[PDB]
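Please read the structure below before turning to the comments.
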Amino acid sequence: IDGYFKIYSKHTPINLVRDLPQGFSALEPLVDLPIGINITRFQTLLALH
Amino acid sequence: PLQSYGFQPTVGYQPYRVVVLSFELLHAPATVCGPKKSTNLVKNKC
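From first to last, the protein sequence lines stand for chains B and A.
Every number in PDB author numbering is 196 more than the matching position in the first sequence, counting from 1.
Just so we're aligned: the second sequence equals residues 491 to 500, 503 to 538 in PDB author numbering.
Have a look at this one:
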């Protein structure tokens, strides 16, 4: 938003094997980077065995 | 096209070191600001 790249996160130990458990939690603000570029496309880096 | 600077190893011809501070004020969000002095806290006082 307006040149600020905001990253939110939260980590939770869970049991459900494949999907989100029924429940609720909120994500923390972490960092709000002063990143002055445009973004419209993206990709995920992954670990490969 | 380019000539060498005849700086001899020996005042108007003396080597002056110059630094130019060119300030980009719109290409990004604000990033550099001068520090400023704080002040002590006082309790129970408007």
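The beta carbon of each residue, even a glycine, is placed where N, CA and C say it ideally should be.
In this structure, A:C525 is the residue among A:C525, A:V510 and A:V511 with its C-alpha nearest to the C-alpha of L517 (chain A). The distance from the Cβ of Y204 (chain B) to that of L223 (chain B) is about 4 Å, consistent with a contact at the 8 Å cut-off.
For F201 (chain B), the beta-bridge partners assigned by DSSP are B:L229. In this structure, the straight-line span from the alpha carbon of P209 (chain B) to that of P225 (chain B) is close to 19 Å.
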